[PDB]
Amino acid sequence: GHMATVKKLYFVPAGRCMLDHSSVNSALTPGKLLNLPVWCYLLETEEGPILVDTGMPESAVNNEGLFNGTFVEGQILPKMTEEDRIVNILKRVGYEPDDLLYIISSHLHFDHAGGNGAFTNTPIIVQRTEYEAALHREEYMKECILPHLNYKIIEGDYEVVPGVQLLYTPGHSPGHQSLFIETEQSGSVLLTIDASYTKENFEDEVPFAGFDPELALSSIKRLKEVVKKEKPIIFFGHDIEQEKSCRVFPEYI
């Protein structure tokens, strides 16, 4: 259209989040927090720019105690400043919300959809099973399921534009989706998002936080079949070790 690859894939830091280490390895005894990366991804494509995930909600800004008084008190502590609000991140990079062709929500956890309300015109691509879940499960914040946004509800695998494929990967959340991207510079890239927080969750199948761990494992299996075929480079969702070698904005892949 004419391109089969994305021009640039940017990894864009969007604040951080403390979680207990047992969230990355369900076998670990709770009591040590890990300061984990929160990411959004920007895709420059022939048809326009696409943003994958939108960071944390404004209620998390300078509010590590956001989850005090809830069922996750002391287990999740967002590390978010004013600068990490998605509109401010976008403006620094060179975009306004209405510039974006699409938003892709991997899932509607607070660390992935907290910014969604900023995008009131752009279509927001989300799995039906995720949208449905967000309407009632208690792990979902109001900020992540605002009623009148321009949702583009999808079911299962989906091609967003040429070069940008969504892979249905439920388990971590009921409608979680991962990304398989073909880039001009790097070729095949698999962004697991939270279908594996870390390399060991994926390769070693170490269990991690999720709504349905059995499902999460089947999704990992499915991803391994794609990997066997495509031999992509693979990036995990909340991996402090891999983060050490990620190329990040203004670098791209």
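Residue numbers here begin at 1 and follow the sequence given.
Legend: mean Cα B-factor per stretch from the PDB entry, 145-153 versus 75-83; the higher mean is in 75-83. As the entry records it, the average C-alpha temperature factor is higher for 87-95, out of 103-111 and 87-95. As recorded in the entry, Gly65 carries the highest CA temperature factor of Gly55, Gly65, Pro37, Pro49. Among all modelled residues in this chain, the alpha-carbon of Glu132 has a temperature factor (C-alpha) in the middle third. For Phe211, the recorded CA temperature factor ranks within the highest third of the chain's modelled residues.
Residue-level temperature factors show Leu28 in the highest third of its chain, judged at the C-alpha atom. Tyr41 sits in the lowest third of its chain by CA B factor, as recorded in the PDB entry. Among the modelled residues of its chain, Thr70 has a C-alpha B-factor that falls in the highest third, as given in the PDB entry.
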